[PDB]
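Here's the structure we're looking at; comments come further down.
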Amino acid sequence: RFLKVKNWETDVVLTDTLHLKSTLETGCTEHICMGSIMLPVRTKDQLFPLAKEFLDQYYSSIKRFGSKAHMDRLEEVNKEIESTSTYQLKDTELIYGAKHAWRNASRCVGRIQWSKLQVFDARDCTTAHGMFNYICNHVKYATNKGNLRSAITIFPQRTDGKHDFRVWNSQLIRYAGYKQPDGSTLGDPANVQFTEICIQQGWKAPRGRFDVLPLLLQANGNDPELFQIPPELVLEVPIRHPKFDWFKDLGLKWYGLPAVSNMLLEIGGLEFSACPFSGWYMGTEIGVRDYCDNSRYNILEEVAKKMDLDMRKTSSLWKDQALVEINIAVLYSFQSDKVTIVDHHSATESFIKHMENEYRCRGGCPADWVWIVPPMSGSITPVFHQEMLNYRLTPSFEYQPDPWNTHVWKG
Amino acid sequence: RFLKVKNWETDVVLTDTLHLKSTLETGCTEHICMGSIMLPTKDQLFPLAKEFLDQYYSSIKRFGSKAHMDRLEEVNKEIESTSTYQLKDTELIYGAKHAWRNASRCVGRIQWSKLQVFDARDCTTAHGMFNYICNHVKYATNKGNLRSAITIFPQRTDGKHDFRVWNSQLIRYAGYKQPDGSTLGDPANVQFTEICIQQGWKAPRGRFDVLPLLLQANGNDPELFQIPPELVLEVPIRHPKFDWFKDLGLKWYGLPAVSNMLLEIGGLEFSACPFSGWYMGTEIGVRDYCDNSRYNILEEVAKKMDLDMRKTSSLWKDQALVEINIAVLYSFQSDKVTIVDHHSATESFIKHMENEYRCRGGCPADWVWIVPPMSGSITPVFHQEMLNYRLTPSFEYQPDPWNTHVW
Ligand code: HEM
Ligand code: HEM
Ligand SMILES: CC(C)(C)ONC(=N)/N=C/CC[C@H](N)C(=O)O
Ligand SMILES: CC(C)(C)ONC(=N)/N=C/CC[C@H](N)C(=O)O
Ligand SMILES: C[C@H](O)[C@H](O)[C@H]1CNc2nc(N)[nH]c(=O)c2N1
Ligand SMILES: C[C@H](O)[C@H](O)[C@H]1CNc2nc(N)[nH]c(=O)c2N1
Ligand SMILES: [Zn+2]
């Protein structure tokens, strides 16, 4: 079966055959579309087919399908599964797998870069202090003094589900949030619960508006331990505006390295529950979502006030005006400090070229429109006008429950 | 089978049960989501009529009453005898209001119960269609105080006597390709404009020419008619702070009136059912003005503002976009023509969704269409999970009649 997608701006039609290789479910049926829903211990039984599927994919990628080397590796993995009930990936397969999980990540607009990912193998790690050291190294390598380099660090895979490696932080670098007794929040409201955990674990909080959170790291199913990332390793950018000189007096800054640390990487049926990965920011992530969501720093009012916009009626589009100015400031600030950032026009234009390339060479590109379209100026970006098909390919990044909801405390 | 939708800004969770009555299919499967794709007999008819009459009698609290049974009996008799049936006025009005209520792509549905339904099932000629349409235009326009309306022409019979309005909206601007290679007027309408010219329209060959109506009665060849200019309320576009903005010479029409969809009620198909409400500002200022394949005016506006257009990261497009949209709203408001901004409309839709969840058990909604085409995440609909499913009565797409019609 072939499926066609059309761009309604250009009339370019593309044909998808890659969706035939999709195995996992979407959440949708013939009777309900769940496309806007945010979120819609294995036996040998299920493990060998998943491993075989993966190694067939790997050996095809390297022009070695059906080779002696291919056959010997299936045999070796099969015996390892029946003998030990799991298996170990070769380094080459781990690299291939991690790059493909990114290539397959349908919510990711940055995937033109997928083949340039630095994979750090941390599968020899055994303790939280060991995890801390690997994570400092990733941050320093990825940051590269502002010339950001995409990277992933991969800790040991799940075994019995009782010995999991987890990074409890949702990102390696994030700011603390504090709920005040009057009901207001200081800092980032998204991180209040996590910040309360850290404090309970013994972090002494500076209690300001941009406190970089400590790492909370669980090795081998043990209780997590706290570590402060060396401040000299945390690159930050003070936010100012090219024309408005009062903008700096808002006291805003943000960190340069966006590093997702709470997802699960699945490769060939193996589950890597700690696999922090990092790229670089698209400006709207900070300027639209982190600053202007009502449930985040919520700075629209204060900015619009300073601009003396007409705030008595929404139809003045005061929020829209302030929104654009904030986003100019974020891009200006990062570019001026020589910290890698991409604007939403450049990023979406690149994605469309990536997507067309993938259709030609791969037969498809799964993509989640809801996530790919930027949270401001949607229809003046080419992706708004592009029909996409969303389906799930493995290797993949997957959500997993927050570890505080499932952890068995040792004491 | 019982489904939750969460708002991520407010944490409010709603439970959807209404989807279980979903009839038509979505295009999606368990393997693939098609959420962003724009267009994914006697024995057939009786269950459809029954399903509809059942929800109708339920709505007037008369389910299982004799009057309910008797109507079902009568229609069954009528289908058996005539192969079709005729809706009572009460059913027709209920059906059209509900087709709007069920429109998953419509952010304006808080208004769904206030719909003036004009029964045109007695219409027989293109001239009668023109008459009904002028009356709808004048009624809905109401000197700028717009009122929602639908006009319903006769239902499909054997399918070779279809009533159709060939136009995609009652009021739109012409488009002409030039020797230049550029396009004058609205490029969306270039093809329909050619069809009009080939049918005999003398086009005045300008940027904002109101197109003539091309009306097909009774499967006959369609015919041209000019809407009385005095019935077409238009708005010149100026800006509350930029004096040069009026120099661009932009205008738009006050009445958005979709005229190419098919209304399905109780299995009956109404192939000509033009309907109208009023504009949300972004439809004109973001889509009609700034789409690359529409009037595409961002470049000209940015220049006049003297923005740095050397690099995408200055956000010059985004800046001009906001200004264009301020100017659309200001202009309609100044001229006392109903318009709604995207903040107000989306806020209303959230309130409507809650009402529907509470009173009906859900609200089919298509997030891809509901979230405005600018400033998505600063509107509350961005953060609201929505379930998309197909309920009937419904408005459906149908093929353009020039691809179907036999001359
Ligand atoms: C290279 C620079 C990159 C840019 C500009 C980029 C851009 C983005 C953006 C804007 C989102 C949506 C984020 C949000 O709204 O929270 C995203 C999601 C995602 N990206 Fe990329 N990305 C990049 C690199 C990567 C890398 C290196 C990986 C993994 C190796 C990755 C995997 C994903 C995944 C798994 C998601 C979905 C996360 C979720 O569901 O919350 N990205 N990316
Ligand atoms: C009262 C004022 C109304 C407002 C502000 C409103 C708002 C909108 C908006 C912004 C769209 C998306 C249009 C587009 O992007 O092309 C839409 C689509 C839709 N609306 Fe409403 N609407 C209103 C009245 C109505 C009425 C009176 C009906 C039917 C009786 C209706 C049925 C629909 C349908 C069927 C669509 C989807 C059409 C398509 O797929 O192209 N609307 N509406
Ligand atoms: C971590 C990752 C995906 C590799 O980098 N990509 C990226 N630009 N952003 C991902 C999430 C960042 C999040 N939106 C934030 O604003 O902190
Ligand atoms: C009833 C009706 C016609 C849907 O009104 N709704 C509306 N505000 N617009 C719908 C389509 C109009 C189209 N987006 C336009 O910008 O011309
Ligand atoms: C409910 C809805 O799916 C949710 O708000 C999504 C919308 N699209 C998004 N897109 C991106 N990139 N990131 C997000 O957090 C979201 N949030
Ligand atoms: C490809 C994509 O589905 C298409 O561009 C849609 C996106 N969302 C939309 N939303 C509305 N309200 N109107 C539209 O025309 C579209 N176009
Ligand atoms: Zn779907």
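Structure data summary
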{"quantity": "Highest to lowest packing among A:369-375, A:310-316, scored as the average C-beta count within 10 Å", "calculated": "A:369-375, A:310-316"}
{"quantity": "Helix-only CD estimate at 222 nm, as mean residue ellipticity for the protein assembly as shown, using -39500 (n - 2.57) per DSSP H run (n ≥ 4)", "calculated": "-9500 deg cm²/dmol"}
{"quantity": "Loop sites in the range B:52-91: chymotrypsin sites (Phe, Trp or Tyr not before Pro), DSSP, at most 15 other Cβ within 10 Å", "calculated": "B:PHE63"}
{"quantity": "Vicinal HN-Hα couplings computed from phi for the range A:385-391 (Karplus, 6.51 cos²θ - 1.76 cosθ + 1.60; Hz; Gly/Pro x)", "calculated": "8, 9, 5, 10, 10, 9, 8"}
{"quantity": "Trypsin sites (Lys or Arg not before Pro) lying in DSSP loop within the range A:195-269, provided at most 11 other Cβ fall within 10 Å", "calculated": "A:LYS204, A:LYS243"}
{"quantity": "D_trans [Stokes-Einstein, Kirkwood Rh over alpha-carbon pairs] for the protein assembly as shown, 4 °C, 1.567 mPa s, µm² s⁻¹", "calculated": "44"}
{"quantity": "Charge sum, other residues only, whose C-beta stays under 12 Å from A:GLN171's C-beta, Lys/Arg counted +1 and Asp/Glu -1", "calculated": "-2"}
{"quantity": "Net charge of neighbours whose Cβ lies under 14 Å from the Cβ of B:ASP180, counting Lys and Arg as +1 and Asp and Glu as -1", "calculated": "+3"}
{"quantity": "Whether the range B:143-212 is rounded, prolate or oblate, judged on the alpha carbon gyration tensor where a/c under 1.5 counts as rounded", "calculated": "oblate"}
{"quantity": "Separation of the B:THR10 and B:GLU354 label points, Cα + 7 Å toward Cβ, nm", "calculated": "0.4"}
{"quantity": "Under the Karplus curve 6.51 cos²θ - 1.76 cosθ + 1.60, θ = phi - 60°, whole-Hz ³J(HN,Hα) for the range B:167-184, x wherever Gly or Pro sits", "calculated": "4, 7, 9, 4, 10, 8, 9, 5, x, 9, 6, 10, x, 2, x, 7, 10, 9"}
{"quantity": "B:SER81 versus B:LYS202: modelled label distance in nm, points set 7 Å from Cα along the beta carbon direction", "calculated": "5.3"}
{"quantity": "Under 25 Å from the Cα of A:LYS116 - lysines, other chains or at least 8 residues apart", "calculated": "A:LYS21, A:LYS63, A:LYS90, A:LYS99, A:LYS140, A:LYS145, A:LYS338, A:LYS353"}
{"quantity": "Residues with amide H under 5 Å from that of B:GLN169, placed H, sequence gap 5 or more", "calculated": "B:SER259"}
{"quantity": "Estimated inter-spin distance, A:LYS90 and B:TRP244, nm [label 7 Å along Cα→Cβ]", "calculated": "6.5"}
{"quantity": "10 Å Cβ neighbours from other chains, averaged over peptide B:365-375", "calculated": "5"}
{"quantity": "Per-selection Rg to Rh, chain A - Cα, Kirkwood hydrodynamic radius", "calculated": "0.98"}
{"quantity": "Share, in percent, of DSSP beta bridges within the protein assembly as shown that are antiparallel, nearest 5", "calculated": "85"}
{"quantity": "For B:322-328, mean number of other protein chain Cβ atoms within 10 Å", "calculated": "4"}
{"quantity": "Net charge of Cβ neighbours under 9 Å - reference B:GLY144; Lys, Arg +1; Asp, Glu -1", "calculated": "+1"}
{"quantity": "Shielding of A:291-300 by partner chains, average beta-carbon count, 10 Å", "calculated": "2"}
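Just so you know, all these numbers are worked out from the coordinates, no wet-lab data involved. Cβ: placed from backbone, ideal geometry, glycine included. Neighbour counts: every protein chain shown.
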